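Every number here is computed from the coordinates shown, using simple stated rules; none is lab data. Note that we place each Cβ from the backbone using ideal geometry, even for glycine, and neighbour counts take in every protein chain shown.
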Amino acid sequence: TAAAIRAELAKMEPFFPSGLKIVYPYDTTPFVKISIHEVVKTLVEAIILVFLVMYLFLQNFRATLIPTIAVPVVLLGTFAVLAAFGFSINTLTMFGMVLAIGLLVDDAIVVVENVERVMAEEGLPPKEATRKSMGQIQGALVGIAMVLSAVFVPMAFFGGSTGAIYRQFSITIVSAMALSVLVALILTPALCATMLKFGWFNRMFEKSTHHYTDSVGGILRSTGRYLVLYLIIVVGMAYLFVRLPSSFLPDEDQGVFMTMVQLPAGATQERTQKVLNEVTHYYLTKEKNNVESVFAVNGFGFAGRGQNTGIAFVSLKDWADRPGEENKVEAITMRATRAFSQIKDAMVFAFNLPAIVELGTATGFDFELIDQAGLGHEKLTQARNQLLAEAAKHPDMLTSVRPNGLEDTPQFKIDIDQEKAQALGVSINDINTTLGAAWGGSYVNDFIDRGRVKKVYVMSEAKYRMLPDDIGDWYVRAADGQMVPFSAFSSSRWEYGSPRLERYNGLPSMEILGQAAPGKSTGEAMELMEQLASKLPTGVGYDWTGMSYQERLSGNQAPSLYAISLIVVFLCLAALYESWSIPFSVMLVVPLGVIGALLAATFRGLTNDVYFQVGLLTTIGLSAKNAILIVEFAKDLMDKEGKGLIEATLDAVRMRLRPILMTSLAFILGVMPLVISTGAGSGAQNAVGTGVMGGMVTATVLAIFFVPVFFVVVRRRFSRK
Amino acid sequence: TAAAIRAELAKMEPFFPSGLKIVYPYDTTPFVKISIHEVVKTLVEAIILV
Amino acid sequence: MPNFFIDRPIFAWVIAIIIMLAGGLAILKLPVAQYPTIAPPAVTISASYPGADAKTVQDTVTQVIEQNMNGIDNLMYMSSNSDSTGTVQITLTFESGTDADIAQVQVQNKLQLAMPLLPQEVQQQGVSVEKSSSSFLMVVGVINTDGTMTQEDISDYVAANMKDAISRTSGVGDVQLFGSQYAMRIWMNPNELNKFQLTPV
Amino acid sequence: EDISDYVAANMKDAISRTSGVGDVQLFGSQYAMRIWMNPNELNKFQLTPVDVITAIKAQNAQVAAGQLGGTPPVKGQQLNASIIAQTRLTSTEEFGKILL
Amino acid sequence: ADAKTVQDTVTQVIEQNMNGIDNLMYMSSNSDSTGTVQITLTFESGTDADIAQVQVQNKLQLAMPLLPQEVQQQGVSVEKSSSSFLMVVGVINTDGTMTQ
Amino acid sequence: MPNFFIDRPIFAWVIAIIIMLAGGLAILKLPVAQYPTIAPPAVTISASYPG
């Protein structure tokens, strides 16, 4: 749509009068535009870091050109598949590729990272190595993938305002993972059989490998302290996990916000402007290093036109020009409100709309307060007045209850006496019109301006309709030609009426917004309200609409789902090793990753936003993957060899180091930017980035010396008696 | 839809005038709920004889 | 298995490529919309009664229209709400997944039943039904450098000459105009009407 | 003809906007403001229901009337309010006291 | 009529409101001297013709309040533009009894 | 097919667990009624203009 408008406009430009230009206030398009492109930059660039890590470990050109050209193949094919699946390109469907680039560098590493050894076994054979390495690996790849699936898919299975938000990650990754296998059984094998094949340098790892291979096994021996350690690191999470608050999506600086300025009902257009200026000025002067434009509009009600409301589309600079959170919409719009609420006799205020939250997390509750019987406006006002009152006495918990500007304002009745009227020969009709034409406009019919049919209205010159005493100017030809005046068939009397009538679902209503601010739970507030909404006089009902419709509706338990995932992560695993027992060797890693994540997320100022589950499953899962290959090599370097007890674990954890250390470092250094990002779309970057990096390092080493124990702890403790 | 009708009908009782009952005459929903108990039951029962 | 391509490559060195093109194509055309859609459709009839007034707008139009709303598939709620600025807006939030086209249609069948009851002044006024998000897509500033025209001259302009199309265009669900198109305005005067013995009638 | 009005003006509107709920025909009829003509007694006054209708139509009607502090105001201007004009008969006494 | 007397009373105003309508390419329009007004609107490639006839159509529905009573009587109609198709039977009388 | 699974029954048994576990959910959130959509659809026009 925006391409069009802007291009429609175009056709215009060439023809308007002289000095008439289209400026561009608050537009939301370019953020989105820049945003999902500031993400592309990531992928594009992180395929670079990966190319370098795949060097400090492999030290060749064309032997590097192979694993680094895997993710770009896979990813491209994901976009195709996305399209097939009638999906789109957007943040979620992108980070999903980001969080998935791990799952690609690795599956490529793993392969060539293997035909890399076995080249240390056969002297000099390429096709033999690559092929030999396959087979004793191929059925392994097909299984991880057939298992990670489940670490993703059982989300994006609970639906809701949300649900579809996760289904985006889910799909993008469940596939693009699959393509990783097709590349794996097609591109990576060959090609790595086509172009495959410092004493204080190279020697770094290798010297430090045995020292690893040593430290292992010997562990948990003449001090069982280690198998305890887990129940510690575990009891580690669970704590911190309930301490870390949850959130849907992190609000972001789009580069634009707007400012309400609703005065109280009955204000004057001329005053409303006053307020509006000043708001227009404050921004102009003070935060001028940010505020780049201010399209001050007055009379424009967001919930209906009005002489007493208005709006201010404020528009910032390029972000780039605004370093540090002080120059972020949140802060800019923090002080911006402190300054108002001051020198301003009206309820002015600014704020940044919550991205992707067409109602999802607008924090609080709509509580429509309906008139369930033939009650009336007045009564109902009151019944709200009470419900409103109590609301105040319970501030114990965090609240801020209130209505929407339907405050009764003075009306001026004028009661026409049909008798005196027909008494004096006047008709009611002639009067009616006179009333309702001088003082309420009227459109006769359609003149034509410059070949563009336009409207025609008869009404009183302002100056003859501004105070009740003017209703004394109009007289009205009777049937005797005698001009008679209103004060002769009428009489007026001030009173109170309402400038706004709600209704909700056919019954008259009155919206009461409000929240349970930092402290209590959004389900207590409601409970409470429902509680004291059952006092109020007979006839008064209530109901939820909006964020609260969706609260009592759309929360399809995650653990309830994530369990069905355990069952499937296991049945798969077992499925794979044929053992109702071996698989616990790997599942057990789960914690070693989320341990890092549930940290950093606490260290940095972060939440349980999405982008945390995605980087929580990408590790939770990936982690369980490097663990397969280090529990797979046993039961094998054991069941199909001259080795056993620890002899199994031996070259297993020994051969699972170069890979791990490579991938883990391939991914991490790759997610670098994300973590501390510039500022445009940062919100989402930073949150992805801190959750992963600090959840990777925490489960790379802190697992490398840890799966081994598991495996043994596992089956050795199954052959006990 | 039955489960909504009655569910709404539940919302508009609390405010009924002094004494007003909502008889539920003709409704073809108990039948469904049964002619599914039968079959479903004969299924287990099927399973059994086999 | 891998074997195949291991010996005979240049056959996997093409899959990759084709596969890659598939993503090239599929990118030139994949919708880069903001983020997925999650917002339940909403239609909002919205009439208007010149200088009318709240209780008047609403006992006389809004109740009318609402009563007439039924037979509307997937409909979470509706919520009239209408100002005494002689003006109304009634907005129905249909489920999620609901085909906007059809509700928008749906709704329109009903309301058309009431057209015939509204007061003439609301008919002629124009009455309208819509299918859009409430938040604003974008704003289009129109300024005048020479100061060769005024606020009132620009609201016109714009109207004559630019809404029209805006208003008309796939995508442009609803254009508000931040002013007003011109109109022969007959600012009367009573003393006179009085002198010569005339009335606005 | 007391309760029917109830369910019609009190519950047929939501039922029929409820989920699944197709169409919704009502075994009853909402409350009209029934006004029964008397032939010989209308005659008694030289009046046809035509006249009646005339009255009903100007006695019980709503009338838009504009606002003090109108749409565009004079430079000054402070007071801004609706001017409520004629209006609809809510009771049944009035319907009875209409002036023929 | 005549073109002004029509483009001013109807081509427009109607065409003032074609706004809301989905996948619209362009809308041309004719205002001839016989009181005819055709205002066809070709729409993007494979849009659902049935659903664009709607809106278009349904959106006239709001301008009529505005059309003059001469026109709204004849009725503006809306259809899918084809104006040469399948067969065209003809019915003549070859014994000068029946006129056009 | 056999000779696998017969040799390697866990996997097998596993597949049998999944099919069951996967499905059988689809009994706790799958629609219920007497007959599905059986009647053809109909539409009615409705005119109604005084005696």
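Distant-in-sequence amide contacts of C:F178, defined by a placed amide H-H separation under 5 Å and a gap of 5 or more residues or a different chain, comprise nothing. By the Kirkwood approach, averaging reciprocal distances over each pair of separate Cα atoms, segment A:409-496 gets a hydrodynamic radius of 14.6 Å.
Listed from fewest to most Cβ neighbours within 10 Å, the set C:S84, A:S490, B:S18 follows the order B:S18, A:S490, C:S84. Taken one residue at a time, the phi angles of segment A:327-339 give Karplus couplings (6.51, -1.76, 1.60, θ = phi - 60°) of 9, 9, 3, 5, 5, 3, 9, 7, 4, 3, 8, 3, 3 Hz. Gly and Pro are set to x. Taking 1.002 mPa s as the viscosity and 20 °C as the temperature, the Stokes-Einstein diffusion coefficient of chain A based on its alpha-carbon Kirkwood radius rounds to 69 µm²/s.
The C-alpha atoms of chain B define a longest principal axis, and helix B:37-49 lies at about 20 degrees to it. Under 16 Å of direct C-alpha separation, and excluding same-chain neighbours fewer than eight residues apart, C:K195 reaches these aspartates and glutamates: A:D473.
Pairs spanning more than 26 Å between alpha-carbon atoms, out of A:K288/C:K131; A:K41/A:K328; A:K286/A:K520; A:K21/A:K288: A:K288/C:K131; A:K286/A:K520.
Less than 5 angstrom separates the built amide H of A:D449 from those of A:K454, all sequence-distant by 5 or more or on a different chain. Our compactness index for segment A:544-616, the C-alpha radius of gyration over the empirical 2.2 N^0.38 Å, is 1.52. Binning all Cα-Cα separations of segment A:1-140 at 10 Å, short to long from zero, yields these whole-percent fractions: 9, 27, 23, 16, 11, 7, 4, 2, 0. Using the empirical formula 2.2 N^0.38 Å as the baseline, the Cα radius of gyration of segment E:1-89 reaches a ratio of 1.14. Couplings 3J(HN,Hα) of segment A:610-620, computed from phi: 4, 6, 9, 6, 5, x, 8, 8, 5, 8, 2 Hz, in residue order, whole Hz [Karplus 6.51 cos²θ - 1.76 cosθ + 1.60, θ = phi - 60°; x for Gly and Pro]. Under 16 Å from a label point set 7 Å out along the Cα-to-Cβ vector of C:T37, the amide N atoms of segment C:153-183 belong to C:170-174. Close amide-amide hydrogen proximity is noted between C:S48 and C:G126, each under 5 Å apart and 5 or more residues distant or on a separate chain (H modeled in the peptide plane; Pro and chain starts excluded). Does anyone have the angle between helix E:49-63 and the longest principal axis of chain E? Alpha-carbon axes, 0 to 90°, nearest 10? Taking Cα atoms only, the helix is inclined about 80 degrees. What the pair-distance distribution of segment A:333-469 shows, using all Cα-Cα distances binned every 5 Å from zero, is 2, 6, 8, 9, 11, 11, 10, 11, 12, 9, 5, 3, 2, 0 percent.
Around D:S29, under 10 Å between beta carbons, what's the net of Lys plus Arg minus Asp minus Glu among the other residues?
Working: positive: none; negative: D:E1, D:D5.
Once all neighbours under 10 Å are counted, the net charge is -2.
Cross-link reach is defined here as a Cα-Cα straight distance under 19 Å, omitting same-chain residues fewer than 8 places apart; for A:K379 the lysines meeting it are A:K535, C:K55. Across the protein assembly as shown, Cα-Cα pairs farther apart than 49 Å form 45% of the total. Annotation: the antiparallel percentage among DSSP beta bridges lying fully within chain A is about 100.
Normalised by the number of residues in chain C, the average gap of Cα pairs under 8 Å and 6 or more apart makes the relative contact order 20 percent. Starting from a Cα-only point model with no solvent, please compute log10 I(q)/I(0) by Debye for segment A:184-237 at q = 0.20, 0.25 1/Å. For segment A:184-237 at q = 0.20, 0.25 Å⁻¹, log10 I(q)/I(0) is -0.80, -0.92.
Taking the C-alpha atoms only, the angle from helix F:9-22 to the longest principal axis of chain F is near 20 degrees. Note on segment A:199-336: the C-alpha convex hull projects to 16.7 nm² when averaged across all orientations.
Farthest toward the positive end of the dipole of the protein assembly as shown, out of D:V63, D:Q30, A:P559, is the Cα of A:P559, where the dipole comes from beta carbon charges about the Cα centre.
Determine the calculated [θ] at 222 nm for chain D from helices alone, applying -39500 (n - 2.57) to every DSSP H run no shorter than 4 residues and normalising by the residue count; nearest 500 deg cm²/dmol. Kindly include the intermediate steps, with their values, before the conclusion.
Values: 5 runs with 32 residues, N = 100.
Computed mean residue ellipticity for chain D: -7500 deg cm²/dmol.
Taking 16 Å as the straight-line reach from the Cα of A:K197, the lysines in range (excluding those fewer than 8 positions away in the same chain) are A:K127, A:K132.
Counting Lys +1, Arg +1, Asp -1, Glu -1, what net charge surrounds A:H281 among other residues with beta carbon under 14 Å of its beta carbon? Intermediate results must be reported in sequence, preceding the final value.
On the way: positive: A:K274, A:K286, A:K288, A:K344; negative: A:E278, A:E287.
Around A:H281, the charge tally is +2.
Here the alpha carbons of chain D define both size measures, Rg and Dmax, at 21.3, 62 Å.
Using θ = phi - 60° in the Karplus curve 6.51 cos²θ - 1.76 cosθ + 1.60, the 3J(HN,Hα) couplings for segment D:37-47 round to 4, 10, x, 5, 7, 5, 4, 4, 9, 6, 9 Hz; x is entered for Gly and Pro.
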